[PDB]
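Given next, in structure tokens, is a single chain: the form deposited in one PDB entry.
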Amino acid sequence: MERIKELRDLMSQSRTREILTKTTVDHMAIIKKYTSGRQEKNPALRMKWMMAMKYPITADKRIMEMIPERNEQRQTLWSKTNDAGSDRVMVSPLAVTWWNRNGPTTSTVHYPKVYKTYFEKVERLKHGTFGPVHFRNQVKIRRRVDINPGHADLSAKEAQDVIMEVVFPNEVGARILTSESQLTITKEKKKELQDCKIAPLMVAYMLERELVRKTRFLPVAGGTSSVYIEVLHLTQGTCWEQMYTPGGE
């Protein structure tokens, strides 16, 4: 409904009609990145300089009707001015704080499921047991390890198709799933992700983070395992070793 009405509104204009009709789907990858904004050269300096301004942040137009124009202390939260090259509006950081105290609350029960990797990390740390510290000469060998506890040994292609099946079932295309592991993973993810309002792109990114194995060259000294490379910063030192056992297998 809203989609087709917006498409009609776009087609009403001449320039938008020309853009829509004369651009193919392949050319979209190019025209969507078309921008006059240069990638920031000194983000730290720019951030320090911008935080002294009234409206350094950008927000969607909906904010206009979702938070008041001014504070209880007559502090303006957003300005009508549009961000350059877009329909977003300039807002002050106060608005964010306002949303964090007076914004519309929503149920957050899929978040631990969607961000399963981070909460697995925190649960592993919570149930870990520490041992003594031993002061001795530490020998570190630069070895290739995998920083990904719980990955399902899926490469780019297979993980991407599983994510496509889970998050965008109708856009999977010609590919089909054969390995029983992929089928069970897809079924479990679909069951657990049912009725999830988190952004589909974020869900896909988290699934990729959880399913695809990553590797890195690191100066390891002790056990070479994902759960141990996860706390390498905590366990190994220049002259000390901290005995530790993660609370997750």
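When you see a residue number, it is the position in the sequence shown, counting from 1. Here the rigid core means the biggest group of C-alpha atoms that line up within 1.5 Å when the two forms are laid on top of each other.
One more form of this protein exists, namely the form deposited in another entry; it is left out here, but the text below deals with it.
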Superposing on the rigid core, which residue among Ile63, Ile57, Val220, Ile185 shifts its Cα by at least 2 Å between this form and the one not shown? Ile185
After fitting the core, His27 CA displacement of 2 Å or more between this form and the one not shown: yes
Is there a C-alpha shift of 2 Å or more at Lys140 between this form and the one not shown once the rigid core is superposed? no
After core superposition, I'd like to know whether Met47 moves between this form and the one not shown (criterion: C-alpha shift of 2 angstroms or more). no
Taking the shown form as reference, are the C-alpha positions of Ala95 and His110 brought closer or pushed farther apart in that other deposited form, with a change of 3 Å or more? closer
